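Asks: pasting the first chains of the complex, positions unchanged:
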Amino acid sequence: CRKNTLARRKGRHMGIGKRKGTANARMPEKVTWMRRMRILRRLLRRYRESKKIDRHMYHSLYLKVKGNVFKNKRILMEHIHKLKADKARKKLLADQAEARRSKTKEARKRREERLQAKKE
Amino acid sequence: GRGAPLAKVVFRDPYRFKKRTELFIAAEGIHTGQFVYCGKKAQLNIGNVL
Amino acid sequence: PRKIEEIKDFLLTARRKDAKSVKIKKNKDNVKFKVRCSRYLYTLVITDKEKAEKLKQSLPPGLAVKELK
Amino acid sequence: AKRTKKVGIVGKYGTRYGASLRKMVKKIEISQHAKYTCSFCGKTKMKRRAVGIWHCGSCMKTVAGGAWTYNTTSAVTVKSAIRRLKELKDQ
């Protein structure tokens, strides 16, 4: 019994011919979905509570994990990295444009103050 | 055995202090907590017997 | 049964009448004192053998004592 | 995905008891299994009790409605006639 159990642990006697039940009977699709989605939904909690994902992207990726899009933990973590790298670019370009507009409006306000000093 | 709903309407006895529980046939659109009025000069609404 | 924590409470209960059995059971780490008064079993467990010796000294001699091995 | 195209909720039965009978049972099964807007708490918690009885989840105010909908249109016509005969010529 222990030798056969060690062989099953290594992966032997598990071919196509020695299967006598259906795939749902062997490993249930509902149990696979429960394990898969519980892991993919508590990794987001361990990210959100610590540092990684904020309040707004959590609900979006939560519904996207509820939908059958993200296969597993590796591509979930890579998609979170891709969204974070996109958010960094979208805030950096907006900060550059805001800095240009802020320096332009600051120069305009200071020259308006100079012309106000020339008037009075 | 009855498709019509039963309505459990409790009353107050004007003679001895005791709350009397009766069993009316539930009219359409009545709800729990609605004051059912009964008597001769009761104002005509859905659920009031007169 | 009931576990008495204080020394004086077990001592007053041992002096309380209608308590006919007091058992002393030593152990490898502590010692237990048993009062079978009426329908209850009162236990004073203590780990200090010097405190056990002085409580045996302050035990009332009018009441019988049974030692458990 | 739209799995069924015509049977809807009636696909739990299958091939039995006729197309016209299943079509006539479809609308009233949707009516008895749909949630309705509670007129008291404003929520959609009107669940069907036994036949004629509707029950809201919040605030627990049980109402006597129709046998398959929340309000029968004939009963709404009765209610309009009752308020008309109420405020018509002071009883």
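Replies: That came in fine, so what should we check first? Residues are numbered from 1 along each chain as shown, chains lettered A, B, ... in the order given.
Asks: does the closest residue to residue B:10 other than its chain neighbours sit in a helix, a strand or a coil?
Replies: Sequence neighbours aside, residue B:21 is the residue nearest to residue B:10 in space, at 4.8 Å (criterion: CB to CB, 6 or more residues apart in numbering or on different chains). Yep, even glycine has a C-beta here, placed from its N, CA and C like the rest. Here residue B:21 is strand, with the state taken from DSSP: H, G, I helix; E, B strand; the rest coil.
Asks: Contact partners for residue B:21?
Replies: B:8-11 (CB atoms under 8 Å, 6 or more residues apart in numbering or on different chains).
Asks: just the helices in chain A please.
Replies: If DSSP state H is used as the criterion, the helices of chain A fall at A:2-10, A:23-26, A:29-50, A:55-66, A:73-119.
Asks: would JSON lines of the ones you listed with distance to residue C:56 and mean neighbour count be doable?
Replies: Formatted as JSON lines, these follow (distance: least, CB to CB, whole Å; neighbours: other CB atoms under 10 Å in any protein chain shown):
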{"stretch": "helix A:2-10", "distance to residue C:56": "57", "mean neighbour count": "9"}
{"stretch": "helix A:23-26", "distance to residue C:56": "70", "mean neighbour count": "10"}
{"stretch": "helix A:29-50", "distance to residue C:56": "59", "mean neighbour count": "13"}
{"stretch": "helix A:55-66", "distance to residue C:56": "69", "mean neighbour count": "13"}
{"stretch": "helix A:73-119", "distance to residue C:56": "67", "mean neighbour count": "11"}
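Asks: add chain E to what we have:
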Amino acid sequence: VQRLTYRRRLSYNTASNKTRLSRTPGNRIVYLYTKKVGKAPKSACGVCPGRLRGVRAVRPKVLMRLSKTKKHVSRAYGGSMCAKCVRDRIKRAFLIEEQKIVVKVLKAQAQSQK
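Replies: Let me add chain E to what's already shown:
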């Protein structure tokens, strides 16, 4: 691997024969009898359902054992209302009595002016 056996002459799995299994100190699995669970008292006919808090949920024949601390709450309407009914009935009684006083003095002013 030890298969266990009934102790009474109640051979059917009825509602009163609702048991468990424990381990004796003599190293033997025994079939022990469990008393049926008693539920706490609940809503007083019209509020949101829920068992009343602060009551030892036992059988009412165990309520003879239970003393006058673990059967009620120190508030008035303690063991009958879940205190949401208390804070509703106090405000409801106060508001309806004050509005009846307002209607009475309005009818008194109508009698004085008419």
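Asks: Using neighbour counts, pick out the buried residues of the host helix or strand of residue E:101.
Replies: For residue E:101, the element it lies in under DSSP states H and E is helix E:84-113. Using 16 or more other CB atoms under 10 Å in any protein chain shown as the test for burial, helix E:84-113 gives E:85-86.
Asks: close to chain B, is it?
Replies: No - Helix E:84-113 lies out of reach of chain B by CB under 8 Å from any CB of the partner chain, never closer than 11.8 Å.
Asks: Leaving out the residues flanking it, which one is nearest to the residue most central in space within chain D?
Replies: Centroid-nearest residue in chain D: residue D:69, 1.4 Å away (criterion: CA atoms, centre = their mean). Spatially, and ignoring its direct neighbours in sequence, residue D:69 is nearest to residue D:31 (5.2 Å; CB to CB, 6+ apart).
Asks: Check residue A:23 too.
Replies: Nearest non-adjacent residue to residue A:23 (CB to CB, 6+ apart): residue A:29, at 7.8 Å.
Asks: Here is RNA strand F, add it in:
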RNA sequence: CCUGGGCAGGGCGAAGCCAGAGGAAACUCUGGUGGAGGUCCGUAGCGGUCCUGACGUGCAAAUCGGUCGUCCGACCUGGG
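Replies: Adding RNA strand F to the chains above:
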């Protein structure tokens, strides 16, 4: 009628819900999820289609062996 007890595993995949795609809109399509049914194979249980099998002064004044129908219910069953 009252009062109790019981029914292994699999197949088909309804309503609702999520995500994505097409379109100008109406709306449509795709992958999951869900566990519906006097639903299918099938065990215990309940009956008995055929072999017109075995007996047929038998185990039995109606039984046995295969092959069977149904098995969440218009299901089987104890006691009063």
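Asks: Report whether the residue nearest to the centre of chain D is found in a strand, as I expect.
Replies: No - counting by three-state DSSP, residue D:69 is not found in a strand; it is coil.
Asks: So it versus chain B, what's the distance?
Replies: For residue D:69, the distance to chain B (CB to the nearest CB, to the nearest Å) stands at 11 Å.
Asks: need the contact list for residue C:45.
Replies: Contacts of residue C:45 (CB under 8 Å, 6+ apart): C:3, C:30-33.
Asks: From the residues you listed, list the buried ones, please.
Replies: C:31-33.
Asks: In chain E, what residue lies closest to chain D?
Replies: Of all residues in chain E, the one sitting closest to chain D is residue E:48 (5.4 Å; CB to the nearest CB).
Asks: and that residue, helix, strand or coil?
Replies: Per three-state DSSP, residue E:48 ends up coil.
Asks: For the residue nearest to the spatial centre of chain A, which residues are in contact?
Replies: Nearest to the mean C-alpha position of chain A, counting by CA atoms, centre = their mean, stands residue A:80 at 2.8 Å. Taking CB under 8 Å, 6+ apart, we find residue A:80 in contact with A:47, A:52-53, A:61.
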